[PDB]
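Below, in structure tokens: the form deposited in one PDB entry, a single chain.
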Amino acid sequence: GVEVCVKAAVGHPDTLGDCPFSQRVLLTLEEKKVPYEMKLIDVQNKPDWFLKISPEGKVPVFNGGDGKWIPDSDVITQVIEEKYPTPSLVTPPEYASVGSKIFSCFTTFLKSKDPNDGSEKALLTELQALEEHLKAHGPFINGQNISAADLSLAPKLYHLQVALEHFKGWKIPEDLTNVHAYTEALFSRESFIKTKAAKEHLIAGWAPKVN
């Protein structure tokens, strides 16, 4: 049936790595109960067969059983949605951008070596917006049922929490209680547990970037 190429853990080509875009695709397949074959790609040592179907070395790529491999996890989860419509993970267009600046604010703050450059405040602003959304519309981004936006956001919040605690001793404030309820719900899902990177691999993936 379907096949997906994802990043292997750095230093461990036999082990699932920490790409949040890869994990979004995997989470989507798991939540939809779609069988798939997973191919681990060492992105510092790509195989030539891989380069023939992904010439720019892009990961993830997805083959839905129609004789081609497509990149871009936005595009891939939409194709999966169209081909496997039940369970429905459609997120209403009015909530599509919820949480959309959190990952980049996180990466800027993670890499920041200046306590006064405002990167921390910018990240807290985006977390607070997520908190306000979940307080109005939760427990997931679209209310009682999980949807595509949650599966996009959860791998990203996982990086945020693991990397900021490890490298900066920083945690999401406890008063953001809806965000904490949200991450605890998502990260405890069997699909998430099955598809997440071990924390030491995720940390090893960020270490040279921090650095």
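So that there is no doubt, residue numbering starts at 1 and follows the sequence shown.
Below, we turn to the form deposited with a small molecule bound, even though it does not appear here.
Remark: residue 84 does not count among the residues lining the small molecule in the bound PDB entry, judged by a heavy atom distance of 4.5 Å or less. Using a 4.5 angstroms threshold between heavy atoms, residue 159 counts as touching the small molecule in the bound PDB entry. At the 4.5 Å threshold, heavy atoms of residue 16 stay clear of the small molecule in the bound PDB entry, well away from it. The small molecule is not drawn, but in the bound PDB entry it has no heavy atom within 4.5 Å of residue 101. Annotated contact segment (heavy atom within 4.5 Å of the small molecule in the bound PDB entry): 106-114, selected among 74-82, 106-114, 93-101, 127-135.
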